[PDB]
């Protein structure tokens, strides 16, 4: 049979948090729920923010963080149509959102995620509706697969779904985190030329190895001026503006006329500044991006498989080493931090 009890990482409080190992009964699957045995969880920077700030959310305690997982289906409810036991799955970051229009209202934009308004995935089994998972990619292991729901999909959503990247485009990726690295890979597979900015030479070295066309050390030179040199003054067709700390004003100077700037982050009350000169005169699109919908996820998964794309994982951590995994999170990882079960 299946086992009676499961372990999860759980907290009674946030901001501050006391996250720890708890053991509770495996919950019962409803008619449409599936039970997944968790193989891998990918951490995201927002999990640190939910744990440490609360992020304004109404959380159900005990709270379990994290949203991105890959696993194997153990049991399906009487009316499950999407999966059978044995199927490999990954979870979806924004469960409501299946395709098209972003949920939320003008007053209240914040859609419900996993590891937030909805339960997180940092437990041995997860029991959620069938419609909240998609088939995992055939060509990736559990760990690699866990990276896609959030970072993978964001990069993909920005560049492809919203962006329409073309072969020959010049893309600027800001930094070397998960979203940025997936951006580099998706841009490269699409035939774009990719420019990475860093404040680390070691990280630019690794980026060069993934196939970045150019690296700019922005503590050593003026990156905007370098983008000009690299583009024959044309500017970047697309800029993944991440953290908007090396932000918007600079991005507006670098972007080509009619180009695109995707602003990716999570920061609750950060302030974006820009000169209304390039903004008016080059007429770029400035587009807010968070994650994507599950039809976009399923597109990505197929693309991953057909391209042989390999997610960048900085480190895999054993399940009992979640405290260390979260710590690696504030140290700026090259690619993804993944927990293996």
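Numbering follows the first chain given and starts at 1.
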| property | result |
| --- | --- |
| 289-297 or 31-39, whichever carries the higher mean Cα B-factor | 31-39 |
| Mean temperature factor over C-alpha atoms, higher-scoring stretch between 60-68 and 270-278 | 270-278 |
| C-alpha B-factor winner, where the candidates are 169, 220, 258, 161 | 220 |
| Deposited CA B-factor, highest of 100, 95, 152, 245 | 245 |
| Within-chain third of residue 111 by Cα B-factor, per the entry | highest |
| Residue 174 - Cα temperature factor, lowest/middle/highest third of chain | middle |
| Residue 305 - Cα temperature factor, lowest/middle/highest third of chain | middle |
| Ranked C-alpha temperature factor of residue 201 among modelled chain residues, by third | highest |
| CA B-factor ranking of residue 262, expressed as a third of its chain | lowest |
